[PDB]
Structure formats: structure tokens, C-alpha cells
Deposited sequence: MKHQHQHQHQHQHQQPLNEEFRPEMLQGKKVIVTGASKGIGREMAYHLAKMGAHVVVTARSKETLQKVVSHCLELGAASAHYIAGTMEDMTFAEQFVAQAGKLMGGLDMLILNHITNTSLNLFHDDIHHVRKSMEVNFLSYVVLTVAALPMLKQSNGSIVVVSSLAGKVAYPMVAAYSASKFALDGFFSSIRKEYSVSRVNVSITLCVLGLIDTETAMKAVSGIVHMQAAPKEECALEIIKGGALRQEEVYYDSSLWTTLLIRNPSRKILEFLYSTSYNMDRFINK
């Protein structure tokens, strides 16, 4: 945990992966990383929009910028990609897991395909990616950034499948963090709990069925700062006070009462 105020320069020449960076917040994090002269590798399924993104990262000031098109549904591609992007940058310092499968707001009936798909993409691919990135992150004492949500901390309706995977992220990576402490692994693990963010995808699914969205740009920055400064958790949401209710002191105690 860096006891320090953030400075863009922290990312100058840092080698960073960003998943789900063909649109929404993943696109935003790429630009910010570009301006800070970082080496970026972005990924997603659409090779078209990815190029558009790479094109722009270069001209913003990236030290380098590549895209690799694939689907995170394919566990063999997740592993490969991370090695491909390892080659492209000569190492890895930060791993930003951002991508999610196409979700929408709907009551849950019998959609067991979507529940499994959600786990596989939103959660299980993160673990694979992580296993593949770890050898290189350990070398650079780097960081894992996992993007999550309010729905991954508290229960809302119409996002059950989605919320289940985000909860799963919390439990797994939090437990891994604890393991890196005991195991003395020096790789930071940052979990970001985002409220409604005004991405193209989000605003479509929400409209009509009535809240307030936060800017995707500041949002992308906040994620990157929490990562750079190696914080445990990062909160972001339109309301400030909202962010205050998310931390759980009781969870903090129960976690200690059984360490020793």
C-alpha cells in the first residue's frame, strides 16, 4: 500500500494489459494509459473497434500500443493472449481485468445458459488470465486490477447472474490477496467497486427500467490510480457518501480473528 499521492508518471513505461478495452470504460482506461506514456495491450472480440482504439492510443502518447482480438469464452485464448502480450511488451507490470459478457436488466427465469456464461467470462476467465500473468507480474512486482460493481457487494434484482459472478470475483481474489500476504508474494490485488457508470452499454440497458450515471473518464482514471498505488479496494459512484457505506469493518475483524 503506497503511502503517497498519485502521479501520472507512475505509469510512464509501465507495461499494462487492459481487457474489454474495445469500448466503455476499458477504452477510457487505455487512453489515460496512453497519455501517461505506458505500454498498452488491449483486447476484446472486435478487431475493428480495437484498431480504432490502438490508432488513438499511439497519437495520445503511448510508448507502444497493440490489440489482440479474441473471445474470453475460450479459455485457451485467454492463456495465449497473456503470453502474446508478454512478448509484445517484454514483460508485464499491471493486469487490468475489465471485460464482461453481454448482460442486460431482466428477471431471472430459466436462463441457465446465461448464468454459466456469466461465470465463465466475468469470473473464470479472470482466474485463467491471472494464472498466466502471474509469473511475469511477480518479476515486476506488478499489480492485478479487477473491475467489479455495487452488485458484487450488495443484492439488487434483475442482475442475478451478473451479481453472482462479481460476488465470485470478490471472494476469490480477496482470498488470493490473503494468500499473497502469507506466501509473501509481492503482487498487489485491487478490487474496484463501481456504481452506475455512463458507458454506452450501461446506459442502453438502464434507460427506462432510473438513476444517475457517473462519468466514464474519471472512472477509468480512479481505477488506474487505485492500481498504481496498490490499494485493496477502490470505490466510485455518482454519490460520494454512497462510497462510504461500502467498506465493511466487521468483515475486516472476522478476517483477523482466524489469521493467527
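- prompt: Quick one: where does the model skip the deposited sequence?
  reply: Coordinates drop out over 1-15, 225, 277-286.
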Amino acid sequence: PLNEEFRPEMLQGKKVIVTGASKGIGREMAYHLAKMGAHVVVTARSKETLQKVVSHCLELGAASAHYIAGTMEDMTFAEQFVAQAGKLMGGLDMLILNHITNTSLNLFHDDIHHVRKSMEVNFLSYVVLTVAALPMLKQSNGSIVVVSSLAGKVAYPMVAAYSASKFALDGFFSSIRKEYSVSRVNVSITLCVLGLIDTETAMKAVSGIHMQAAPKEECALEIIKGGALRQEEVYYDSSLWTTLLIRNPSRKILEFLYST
From here on, numbers count along this sequence of modelled residues.
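Between two forms, the rigid core is defined as the largest C-alpha subset superposing within 1.5 Å.
- request: Please work out whether 230-238 or 53-61 has the higher root mean square C-alpha deviation in 6 other deposited structures of this protein relative to the shown form, with the rigid core as fitting region?
  value: Between the two stretches, 230-238 moves farther in 6 other deposited structures of this protein.
task: Would you mind checking whether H210 is unresolved in the model of at least a third of the other PDB entries compared?
output: Residue status for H210: gap in at least one third of the other entries.
query: Out of 176-184 and 162-170, which one has CA B-factors that are higher on average in the deposited record?
result: Between 176-184 and 162-170, it is 176-184.
- prompt: So 61-69 or 188-196, which one's hotter by mean CA B-factor in the entry?
  reply: Looking at the recorded C-alpha B-factors, 61-69 comes out higher on average.
task: Grab the CA temperature factor for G26 from the record and place it in the lowest, middle or highest third of its chain.
output: It belongs to the lowest third of the chain when residues are ordered by C-alpha B-factor.
task: Grab the CA temperature factor for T103 from the record and place it in the lowest, middle or highest third of its chain.
output: Highest third of the chain for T103's C-alpha B-factor.
message: Please say which third, lowest, middle or highest, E232 falls into when its CA temperature factor is compared across its chain.
response: CA B-factor rank for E232: lowest third.
query: Comparing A83 with the other modelled residues of its chain, is its CA B-factor in the lowest, middle or highest third?
result: Middle third of the chain for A83's C-alpha B-factor.
query: Of the three thirds of its chain by CA temperature factor, lowest, middle or highest, which one includes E120?
result: According to the entry, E120 has a C-alpha B-factor in the chain's lowest third.
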